[PDB]
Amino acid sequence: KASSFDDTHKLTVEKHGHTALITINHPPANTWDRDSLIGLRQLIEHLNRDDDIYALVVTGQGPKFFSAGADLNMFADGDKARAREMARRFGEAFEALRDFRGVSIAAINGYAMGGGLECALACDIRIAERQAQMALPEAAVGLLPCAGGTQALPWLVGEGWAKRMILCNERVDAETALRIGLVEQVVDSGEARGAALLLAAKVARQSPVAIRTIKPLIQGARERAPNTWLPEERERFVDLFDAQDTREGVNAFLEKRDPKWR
């Protein structure tokens, strides 16, 4: 995946099966920068066009930190324009990732804070090593999360838990995050990458055309009320049926055999 295009060397992409592995490679904290943000949005676009990929996994280079958030240089003083433009880039990149047609899993191999946590929130599922600590510390410096942190964090864990981290600037351990629902699963140190890939391989096992259409329905509630999507849900359901791939899944279950699709 993404074998032919101008992509920052800071982001390295390795394709495993139908899963594309994206690693932030910025030393020493894997801090986000304008070059990586541009690459990510572009990468997501390229990966979406590719039909051979059904899942994506994001992890931080190095053991210590998945992502330290935004690099200090981006917010260097004396330029108002810079802050504006860069808020744009986080939103575009993270929303693109949030909009990846395939399943996205974030393997938190180190502590995720600020932009780093916002990136993980973009991914559909989060898997974290026990030692990682996740928090939004922007409030301490007088900046809000501008990557969608304000919306995303309450959504998963509720407003009260979201408020303590951003408002009170309190970091949470993996055990806490799993308890509040921030992270779906907890893993032993260093196992986040393998578990994510292992899970991403399971995603390859579901119909590609189906996964791509179902994911918007799940995330529809963000745009609009859930009851409104109900007519569309049946309609999308009818569209699937009008596919070669659809008939294969039902037949396979009927005959007790593994489904095979294109």
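Sequential numbering from 1, following the sequence displayed.
When 24 to 32 is weighed against 52 to 60, 24 to 32 comes out higher, by mean CA B-factor as recorded in the entry. Between 192 to 200 and 61 to 69, the higher mean Cα B-factor belongs to 61 to 69. As recorded in the entry, 108 carries the highest CA temperature factor of 146, 153, 180, 108. Per the deposited coordinates, the residue with the largest Cα temperature factor out of 159, 79, 173, 95 is 79.
Per the PDB record, residue ranking by Cα B-factor puts residue 44 in the lowest third of the chain. Looking at the C-alpha B-factors along this chain, the one for residue 251 belongs to the highest third. Sorting the modelled residues of the chain by their CA temperature factor places residue 243 in the highest third. Sorting the modelled residues of the chain by their CA temperature factor places residue 214 in the lowest third. Per-chain ranking of the deposited C-alpha B factor places residue 83 in the highest third.
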